[PDB]
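Below, in structure tokens: the form deposited in one PDB entry, a single chain.
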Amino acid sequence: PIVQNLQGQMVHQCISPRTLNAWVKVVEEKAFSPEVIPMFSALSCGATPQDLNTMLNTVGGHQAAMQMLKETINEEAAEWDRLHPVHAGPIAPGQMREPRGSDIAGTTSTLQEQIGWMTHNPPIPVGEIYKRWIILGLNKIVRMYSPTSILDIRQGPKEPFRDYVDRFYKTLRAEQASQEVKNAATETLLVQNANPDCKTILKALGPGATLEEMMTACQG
């Protein structure tokens, strides 16, 4: 990663063993459950493209997911290059060349070029751009490896309301879109797919009930 020293300079630091192991173990145990994204984002804090490639290369298995990840990265790399055509010319003494999509992904850039970009003034944050592409890719995988659709979450006749809302939002969290799309899913389904007893109770509460009020009203 790139961290600040006490001189105020952004300097490269080695990825710690603890960071590597934490990422390997969290994929081992949680696969592509939705909480893998924040874990990956937090563990890759300050990462260079090299660090991000290190983390993704240490994943054992799920190689189909990892290949989808590369295809996502390549599309985002192609989009970056078409929005940032590089301008030919000698790079000046105090400068860095402009990065191409393959440079952000680390396939055509050295770690020293990545450090130069990330510690420049102003910085060109190839690590955070790459991370964006990867997390975009991981979001697709979480959505693809989600077993259940939001339309299939229906409260059982003896199922406690808390357990049902747990399943509802767990399912909703794995199909990532805008929250505009997730507010629409809730307003469309959460009360309508409650069991007949709780549904009649919540209809009387009206559309303005908070979730806390809905869960208290269907308590047992």
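In this text, residue numbers run from 1 along the sequence as written. Take the two forms, superpose them, and find the largest set of C-alpha atoms that agree within 1.5 Å; that set is the rigid core.
There is also a form deposited in another entry; it is not shown, and the following applies to it.
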item: Rigid-core fit between this form and the one not shown, the member of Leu56, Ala185, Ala174, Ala65 whose C-alpha shifts 2 angstroms or more; value: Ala185
item: In the other entry, whether the C-alpha atoms of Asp163 and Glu180 sit closer or farther than here (change of 3 Å or more); value: closer
item: Cα separation of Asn139 and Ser178 in the other entry versus here, shift of 3 Å or more; value: closer
